[PDB]
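See below for the structure under consideration.
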Amino acid sequence: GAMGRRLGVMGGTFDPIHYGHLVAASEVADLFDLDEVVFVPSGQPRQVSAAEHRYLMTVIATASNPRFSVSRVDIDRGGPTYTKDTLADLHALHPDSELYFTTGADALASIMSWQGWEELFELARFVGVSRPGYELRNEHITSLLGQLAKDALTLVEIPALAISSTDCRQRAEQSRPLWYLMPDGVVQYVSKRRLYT
Amino acid sequence: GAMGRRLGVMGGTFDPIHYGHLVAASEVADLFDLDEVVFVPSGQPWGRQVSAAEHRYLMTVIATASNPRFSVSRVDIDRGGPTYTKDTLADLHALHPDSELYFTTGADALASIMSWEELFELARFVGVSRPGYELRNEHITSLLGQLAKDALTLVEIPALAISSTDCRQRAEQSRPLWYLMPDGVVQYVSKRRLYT
Ligand SMILES: NC(=O)c1ccc[n+]([C@@H]2O[C@H](COP(=O)([O-])OP(=O)(O)OC[C@H]3O[C@@H](n4cnc5c(N)ncnc54)[C@H](OP(=O)(O)O)[C@@H]3O)[C@@H](O)[C@H]2O)c1
Ligand SMILES: NC(=O)c1ccc[n+]([C@@H]2O[C@H](COP(=O)([O-])OP(=O)(O)OC[C@H]3O[C@@H](n4cnc5c(N)ncnc54)[C@H](OP(=O)(O)O)[C@@H]3O)[C@@H](O)[C@H]2O)c1
Ligand SMILES: [Cl-]
Ligand SMILES: [Cl-]
């Protein structure tokens, strides 16, 4: 892009993926002049749907966008997902790109608290996304994340993240419509495979 | 439908239409077992600046085309003059004489319309709101009064966090509209340079 080779890495369980995630990816790509956003469904952790389901929904959701792709690195590694391993794996595939690891602000707080912050900032820049008013509801998480990272971490508020996977699962459970919360292909996957019933 | 012959009427300016509106229509259709939802772009408002009616019509046609349960009506944009919901309802009642009409719009707008006794004989009213929406006091008391009497329904729609105002701002700021609305609407806004 305008600032050199840059790759977004959208880490999440994606159970299910929804337009909130897709809007967040689009926003972060625009904000940081990213060339591509790679969606990386996380390993098995509630019990999340089987990995292949979450992979396929993400493939279906992102297929039409030339600037989105999906990586199996976390689901195929085996065992729990450590963001250091995700980033190590993607650096090896894209050694000439700066990595921008993107996930929910709550998850970013967990990653940074025990994963090994200093080694993480060697591998990537970090982007935490949330619904608006995150800083107001989480004063101290926000300021602590800011102190640790400085220029390497950025928090971004996305109105469309009012759409949550938790709400989508409940809608599916209750047979309420998922139309226009996610692509029809994902609505149908959820329906066809009976995911949250 | 299961609760009777029922038609949703989604009233709004739709400048632009976005997934929040489509989600809201889908939700209200489910809650009330509506057979179909008719989107009715409003007439030009009577210093508020709103895209030409044909643009708002075409965007709403593009956005709803693929859904068999959605359609778009020109009654308000073709009537001439300012839009009075009583006229919208008279026109639609004439076109769909056996349907009970469920007029659905933003909670703010539903409160504005109620400055109503004869309107409530013509349709059932549904206000849709985004989480955390802050109403002016005059609208709060209006809505409280009718809720107190079970005379209308309010429904929270998380996807209404997506707003037409924020869409126009994104377009003005050259920020992406992808996944906030269908691609055909993103492209319409772009091709016609709507919010420059
Ligand atoms: N020690 C570690 O390194 C460690 C620990 C925990 C998590 N993680 C990583 O952090 C990422 C997030 O995990 P998770 O989804 O399981 O967290 P989570 O606890 O299910 O999500 C926390 C919040 O973040 C949102 N969210 C998650 N991923 C998102 C994304 N990419 N874009 C926007 N919003 C997102 C969630 O909304 P939705 O439910 O709507 O998605 C929720 O509001 C994954 O890559 C995971 O591997 C790493
Ligand atoms: N005297 C009257 O009879 C009278 C007076 C005023 C309004 N109205 C009618 O009220 C309706 C709304 O008018 P307007 O669009 O000009 O109001 P508005 O002031 O542009 O909308 C107020 C709020 O309602 C939301 N909204 C509007 N229509 C919506 C819909 N169908 N579904 C979900 N959210 C919706 C808007 O969000 P977005 O910006 O994201 O859409 C906004 O947050 C129209 O049918 C209009 O004809 C009638
Ligand atoms: Cl006119
Ligand atoms: Cl009829």
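So you can find residues: chains in the structure tokens are A, B, ... in the order shown, residues in each start at 1, and ligands are numbered from 1 in order.
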
Please, which residues of chain B lie no more than 6 Å from chain A when the count uses only C-alpha atoms, and can they be set out as a ChimeraX atom specification?
/B:19,23,158-159,161-162,179

At a cut-off of 7 Å, using only C-alpha atoms, what residues contact stretch 93-102 of chain B? Leave out same-chain residues fewer than 2 positions from it and give the result as a VMD selection string.
chain B and resid 5 to 9 89 to 91 104 123 to 126

Distance limit 9 Å, reference ligand 3, atoms considered: only C-alpha atoms and all ligand atoms. Which residues make the cut? Give them as a list in words.
residues 43, 44, 53, 77, 78, 79, 80, 81 and 82 of chain B

Selection export as a PDB file, in the first residue's frame, atoms kept: N, CA and C atoms:
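In the end it all went to result.pdb:
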ATOM      1  N   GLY B  43     -41.101  11.435   0.910  1.00  0.00           N
ATOM      2  CA  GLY B  43     -40.897  12.596   0.086  1.00  0.00           C
ATOM      3  C   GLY B  43     -39.766  13.452   0.628  1.00  0.00           C
ATOM      4  N   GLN B  44     -39.379  14.422  -0.181  1.00  0.00           N
ATOM      5  CA  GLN B  44     -38.390  15.383   0.241  1.00  0.00           C
ATOM      6  C   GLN B  44     -38.954  16.065   1.478  1.00  0.00           C
ATOM      7  N   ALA B  53     -35.311  12.234  -4.653  1.00  0.00           N
ATOM      8  CA  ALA B  53     -36.159  11.064  -4.427  1.00  0.00           C
ATOM      9  C   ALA B  53     -35.814   9.863  -5.293  1.00  0.00           C
ATOM     10  N   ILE B  77     -43.073   9.358  -2.703  1.00  0.00           N
ATOM     11  CA  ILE B  77     -42.285  10.203  -3.601  1.00  0.00           C
ATOM     12  C   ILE B  77     -43.076  10.714  -4.802  1.00  0.00           C
ATOM     13  N   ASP B  78     -44.130  10.011  -5.209  1.00  0.00           N
ATOM     14  CA  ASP B  78     -44.955  10.444  -6.357  1.00  0.00           C
ATOM     15  C   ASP B  78     -46.195  11.267  -6.000  1.00  0.00           C
ATOM     16  N   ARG B  79     -46.527  11.362  -4.715  1.00  0.00           N
ATOM     17  CA  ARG B  79     -47.730  12.065  -4.286  1.00  0.00           C
ATOM     18  C   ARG B  79     -47.615  13.557  -4.574  1.00  0.00           C
ATOM     19  N   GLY B  80     -46.429  14.109  -4.353  1.00  0.00           N
ATOM     20  CA  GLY B  80     -46.216  15.540  -4.440  1.00  0.00           C
ATOM     21  C   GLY B  80     -46.375  16.132  -3.059  1.00  0.00           C
ATOM     22  N   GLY B  81     -45.460  17.013  -2.710  1.00  0.00           N
ATOM     23  CA  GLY B  81     -45.530  17.701  -1.454  1.00  0.00           C
ATOM     24  C   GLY B  81     -44.972  16.892  -0.305  1.00  0.00           C
ATOM     25  N   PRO B  82     -45.151  17.415   0.912  1.00  0.00           N
ATOM     26  CA  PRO B  82     -44.577  16.791   2.088  1.00  0.00           C
ATOM     27  C   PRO B  82     -45.329  15.523   2.444  1.00  0.00           C
TER      28      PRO B  82
END

Need the shell around residue A:86: protein/DNA/RNA residues with any atom at most 9 Å away, counting only C-alpha atoms. Skip same-chain ones fewer than 3 positions apart. Format as a ChimeraX atom specification?
/A:11,40,73-74,81-83,89-91

Select the residues contacting ligand 2 at a distance of at most 6 Å, based on only C-alpha atoms and all ligand atoms, then format the selection as an MDAnalysis selection string.
chainID B and resid 10:14 21 42 83:85 104:106 108:109 112:113 128 163:165

Please return as a VMD selection string: the residues of stretch 77-160 of chain A that backbone DSSP assigns to alpha helix (DSSP H).
chain A and resid 77 83 to 93 105 to 114 117 to 123 134 to 137 139 to 149

Fewer than 5 positions away in the same chain doesn't count, so skip those; otherwise give me all residues within 6 Å of residue A:102, counting only C-alpha atoms, as a PDB file with N, CA and C atoms, in the first residue's frame.
ATOM      1  N   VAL A   9      -4.163  -9.239  10.040  1.00  0.00           N
ATOM      2  CA  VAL A   9      -4.385 -10.583  10.515  1.00  0.00           C
ATOM      3  C   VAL A   9      -5.548 -10.500  11.493  1.00  0.00           C
ATOM      4  N   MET A  10      -6.723 -10.969  11.053  1.00  0.00           N
ATOM      5  CA  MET A  10      -7.964 -10.897  11.822  1.00  0.00           C
ATOM      6  C   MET A  10      -8.111 -12.190  12.567  1.00  0.00           C
ATOM      7  N   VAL A 127      -4.119  -4.086  16.702  1.00  0.00           N
ATOM      8  CA  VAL A 127      -5.326  -3.294  16.587  1.00  0.00           C
ATOM      9  C   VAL A 127      -6.464  -3.984  17.356  1.00  0.00           C
ATOM     10  N   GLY A 128      -7.047  -3.260  18.312  1.00  0.00           N
ATOM     11  CA  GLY A 128      -8.161  -3.761  19.109  1.00  0.00           C
ATOM     12  C   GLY A 128      -9.410  -3.081  18.600  1.00  0.00           C
TER      13      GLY A 128
END
